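Working notes for the structure below.
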Amino acid sequence: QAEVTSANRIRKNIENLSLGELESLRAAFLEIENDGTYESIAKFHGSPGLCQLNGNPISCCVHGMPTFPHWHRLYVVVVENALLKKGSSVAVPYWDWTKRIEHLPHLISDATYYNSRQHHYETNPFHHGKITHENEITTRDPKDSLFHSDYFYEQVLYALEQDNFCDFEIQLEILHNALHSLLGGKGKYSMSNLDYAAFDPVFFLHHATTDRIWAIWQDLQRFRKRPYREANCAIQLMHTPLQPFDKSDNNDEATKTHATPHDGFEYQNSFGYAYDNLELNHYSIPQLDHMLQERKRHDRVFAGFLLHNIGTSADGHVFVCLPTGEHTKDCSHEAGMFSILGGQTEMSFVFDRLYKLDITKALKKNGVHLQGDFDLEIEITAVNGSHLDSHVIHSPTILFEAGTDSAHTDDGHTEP
Amino acid sequence: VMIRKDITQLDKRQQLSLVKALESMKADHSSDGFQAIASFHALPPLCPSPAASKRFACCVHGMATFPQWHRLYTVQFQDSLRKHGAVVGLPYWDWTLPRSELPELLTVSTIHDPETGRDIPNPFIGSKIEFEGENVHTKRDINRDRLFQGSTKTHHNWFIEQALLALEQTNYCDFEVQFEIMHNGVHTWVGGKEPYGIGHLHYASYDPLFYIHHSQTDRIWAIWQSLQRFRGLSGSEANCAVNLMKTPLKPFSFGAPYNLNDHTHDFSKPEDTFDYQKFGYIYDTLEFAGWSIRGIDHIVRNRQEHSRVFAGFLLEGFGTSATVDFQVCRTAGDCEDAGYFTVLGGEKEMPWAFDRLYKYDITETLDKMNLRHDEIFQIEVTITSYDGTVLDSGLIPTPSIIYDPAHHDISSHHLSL
Amino acid sequence: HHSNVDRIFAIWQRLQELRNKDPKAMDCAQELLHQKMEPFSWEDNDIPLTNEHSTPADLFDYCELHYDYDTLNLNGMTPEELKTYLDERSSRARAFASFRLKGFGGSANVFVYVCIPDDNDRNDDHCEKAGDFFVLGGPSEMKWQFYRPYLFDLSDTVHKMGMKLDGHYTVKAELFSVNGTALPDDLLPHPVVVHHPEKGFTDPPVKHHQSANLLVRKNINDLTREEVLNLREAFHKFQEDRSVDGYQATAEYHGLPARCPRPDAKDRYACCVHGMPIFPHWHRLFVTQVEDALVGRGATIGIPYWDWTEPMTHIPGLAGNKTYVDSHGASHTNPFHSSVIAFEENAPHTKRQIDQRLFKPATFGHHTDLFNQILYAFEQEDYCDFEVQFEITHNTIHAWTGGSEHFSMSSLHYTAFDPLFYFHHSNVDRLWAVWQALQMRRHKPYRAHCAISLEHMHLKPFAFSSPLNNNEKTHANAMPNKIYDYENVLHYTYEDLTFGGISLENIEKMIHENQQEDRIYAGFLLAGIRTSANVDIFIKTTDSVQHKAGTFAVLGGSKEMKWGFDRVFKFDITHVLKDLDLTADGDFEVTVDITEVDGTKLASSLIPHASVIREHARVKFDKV
Ligand code: CUO
Ligand code: CUO
Ligand code: CUO
């Protein structure tokens, strides 16, 4: 589907950027920070809550909704347009998180930018920003600089596998949150917080990649020959206008037209921004498709989580404990973990469907079969580190998924 | 091979046995006895323990395990009747067909079996709720006789439409949600307004109709298994809800003194439950409204061929049983009765919520409406209790509207036109 | 049934006779014994015999009842046989579990299981049943709770399990009602396992050897100006230290803010252990932490101890002096004098009100109230018995010093802030050490018989590695068991281990002397419920003449975790009663006045009626 590729602008990986390209970016962001748009643009994501200009405020970003990728997609273009106004030569770059990174990107990391052409010493606008309303500086605390793993890939890959958009979104959103918690860490004002996260400049880069992945899914969809720009799920939501994009606060005309999420699908020509390459982990789209199939080959067992994400962001860890010790491994304690981004401001949201995580590898390792009786233990911790009552949260279910070839029964007789 | 047949088919002798057996069962002082058996399903609640402060009702309702639990429940009664000298397996009342007259076996108050020549009340007609003080006959107010108001074509019935859809799903879980809801309708229809009846979770096990209904429902479940075999999926094997299947179901798991029955006890794991043969009982026929199993599979594919629109309901879990009616209203404000479904429940009920959506086919209504998927229309729902009191909206989530275009019409012209 | 039990009871009397103890005599429960037993005493009943018999004292003589038992034997064992058999039992050391019995509600059955805390995997389910006991009780029964714990012999099960006494396990108990209603286990306290202590030349596994004495703790009075000067400077520097090792942070450990459960816990509770046998261990560790700080401060000497026991004319002045003009340098405030509460942002009333003049005249030199109380504690052979008495005496200083001021020593939360806190605890720690030394004279080692389970648990926040504790040493001896040998692990010493100038040997002989003297005690069950309070008790006669029996105080705060003494606290009634010339048996009302630190009156309902126990005289024992 042609709709995905752009003619007008190119979005490239941050590493790819030439010194010249970065230089425009450094300047543009710095100027945007100076300009009115930067602070106000940040507001759209979270605090201050713009959604109800008057009346009780709520965070604007749609989260926990299928509308979610559309909203953020619009958000990135908003900043991109701002950058262009700034005089940015290129589109916002994307920090491919999935790719394991030896170190954090130089562009973001640099505290100061020499910018030799004009002798000046300034902080890197990419490095951080300040939160005007709540007087503070954004902070980052990657607890885990560790991230070098298939884990991102698995999560995203799993998301890629789903044909259904809505099924896709739930998985997609979850992987999305990982960057936020991982970068923000403990820091109250950071990526880790729903309200604060918009402030950090990394936000733009991260969303750019997430948006790119969404685009990737889109192109894959056409490979499947499913309609690229068609969602037959959450129809009601799609038509809804996406604030604040709808309002006059948003100068950007394109976004306003774009407010309905339905229109959002075709980034190409709508947005007029393209990606240098649409591949995941250097896998061609047809390559991904083949890769997906292989995964399908084995039977899989998953744990499903009903996310009624409420409250501040929190991390959850879970593993399936087995009733016996002896020969059999004790609680592995590492089924996998997922995080949820949230804040008090956020509007309540509940996932329509379960969030599936693939337990299979761990279960096999422990040597349990699907049939084997096992319990799932979950621990939910706030970013704060306060324990959250698990009792309220519904227990996760265990699903077994197989391909067309299913097993025949021992007891009973299927064929007549 | 104990055989379960249509209640109508049953012989006078067959009937004779059931009437006597149940009546004797009623008398049975034993824990195996009827009054005791009834308590399994609902009040008095046995679940946490027979003697526990807080007790919950034994309903693995709203769960995948649900058909298995009820399947064991029926056999528990069946085995009991056999102890009584029941000649055959519990018969099934096929609601699917429209029925002008309610089944005579259950309906008649008095039974004058010719052999004895004596007249006694039909134990099948009702029972008394001993523990509940109400020493009343388990009352059924089938206020809605309307059940017999089937369609004119007569094949297509609400039950049939609902059931057929359930049959369509390959996934056991998906199948069960549709399957279970269809199950609920009979409970409400018979129980009606009456406080002690089929309508209430607590009381329903007391009425004898319960067994007949579940027998039919179990029959349809068996039908699904046979279809799955045709599909090639193993009938016994369940892919879904593996965790629940392993767990044993009480009170069946609680053997004596509460559960004399050995078979159910061993069988308490639902995994074991699928092969009904393990409980040696069979059904005279496995078919749905005259369609062969092969015919059913072929027909279902055809159903897909046309576009369909559905509304999905997430069932959060109600309080007491209630029935819901929903209608689609146009922007203009016209509104048409979309359709209805009901949920059985009581206070005692353990909490439960469905993992997935419950689809209902809106298509016919919308088509008349000449409304498209795109069209902006609102769906309004009203929930009413058994009493008829209106229940508030607000807690209730809105339904989604899904569009099912014809997808994979798997075909070649091999069917006769 | 009762005939048999009565028979068994008689048997016990018979065995006592074998003991050559007066079977009839019942020293304990004097209060109840005199009480007549209704309805028999009510005399609604026809039989006058019972009416006279109503006093339980009369009850012992079965013969008065004039009913006999054909034989008094238990399970075919002669009474001689029983006595000999029991002797053998005492031969072996055993492990027991102590259970408090609330004994409330209808009859209930309880089960206890010792499970092995180990559980690597798969929703572990492995455990064994220790044993059980039953209780009888109707819905309308007088509330009763066992004063004493009920021991059970775990040793059999432990061995059976294969778990040696030395093994890490936990125990849990379940209660089932006759009705079958489950009863909340949470209310019930955790039972403690006790192992038979071995008391001989070296109880702990470490080798205490003749100490070098690098850090010494001296009393404040001995401290010279130079010594005080370094201390003043060190404290000043210390309070300045913003670091976690810093003073403010150290203060938090004791009380508010309550870090203890975790820095992030739903229920934050005061970390300090009070009302527990663990209590001296935690405090001892606490003092070291400050002390380790002082050395960093550069303090020449360890924390000094303010021997409260000695009578004091007035405040030491080191603490008291508001401003310290060393004059060597420039005048400043005395860091000893006060501290500030950063979180509350209030100021501690370091200049606490000393409502009570501690300065007390002695019967003879050393004899003092605190001495008496403290000495009493020392007398007890049992660590746990000692702790109760010891802790209470400890409490008095806080109440006296703090006085009415909310922010002060008087408050559990606040107390840490006051610098006196360190001084007092140093002394208290000294007494604890003295007790151990005395035990040593007794040839009672460090090995503790009581609170085995408690000792194993590590004491936070000292345990917290990741949360704020700079000091590794404290972390090392988180466990209270390690705590006992202060010298080896802590490597701190005291200039002298004497109490009142009494040599350790001298004190031991001294204790014997008190033993010879007749003494009736009033026992108070102290489940210290709320904010700190002071309690004064006086005995009222029929004459309604009342004399003040004496006083004791308890420290507490809302934050404090709930605690209750297993055993009663004893005070010596004897002198007053003698003066009254009232007999122990005589009917005298006991009135208790509980005054809150606030000074608001507190209802007597808080305290249950104290029992009176009379201790008859024994012969003078051993002397060096
Ligand atoms: O989600 Cu709103 O931030 Cu990535
Ligand atoms: O299901 Cu529980 O009753 Cu028909
Ligand atoms: O005991 Cu904790 O305080 Cu002196």
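In chain C, numbers come from Swiss-Prot; the residues present are 225-848, in order.
According to its header, the structure was obtained by electron microscopy, 9.0 Å.
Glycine is no exception: its Cβ is also placed from the backbone N, Cα and C atoms.
Annotated Cu cation 3 binding site per Swiss-Prot: C:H478, C:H498, C:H507, in sequence order, evidence recorded as a large-scale study or a structure entry. According to Swiss-Prot, the feature disulfide bond maps to C:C339-C:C351, C:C484-C:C495, C:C608-C:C674, an assignment based on a large-scale study or a structure entry. Among the features that Swiss-Prot reports, repeat 'WD 1' is placed at C:628-669, with the record citing sequence analysis.
What the PDB entry records for C:275-290 is insertion.
Mapped onto this structure are the features recorded in Swiss-Prot.
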| residue | record | Cβ contacts under 8 Å, 6 or more apart |
| --- | --- | --- |
| C:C339 | disulfide bond | C:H350, C:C351, C:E352, C:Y393, C:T394, C:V395, C:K396 |
| C:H478 | Cu cation 3 binding site | C:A494, C:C495, C:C496, C:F510, C:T639, C:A640, C:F645 |
| C:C484 | disulfide bond | C:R492, C:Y493, C:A494, C:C495, C:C496, C:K684, C:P685 |
| C:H498 | Cu cation 3 binding site | C:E615, C:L636, C:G752, C:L779, C:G780, C:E784, C:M785, C:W787 |
| C:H507 | Cu cation 3 binding site | C:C496, C:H649, C:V652, C:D653 |
| C:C608 | disulfide bond | C:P501, C:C674, C:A675, C:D790, C:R791 |
For Cu cation 3, what surrounds C:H478, C:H498, C:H507 with a Cβ no more than 8 Å from their Cβ centroid?
C:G479, C:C496, C:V497, C:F503, C:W506, C:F510, C:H649
Quick one: DSSP breakdown of the repeat 'WD 1' (C:628-669) into helix, strand and coil?
27 helix, 0 strand, 15 coil
Per DSSP, three-state class assigned to C:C339 (disulfide bond)
strand
Among the disulfide-bonded residues listed here (C:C351, C:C495, C:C674), identify the one with the smallest other-Cβ count within 10 Å.
C:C351
Summarise the insertion (C:275-290) as counts of helix, strand and coil residues per DSSP.
11 helix, 0 strand, 5 coil
Could you say whether, by DSSP, C:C351 (disulfide bond) belongs to a helix, a strand or a coil region?
strand
Would you mind pulling the DSSP three-state label for C:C608 (disulfide bond)?
helix
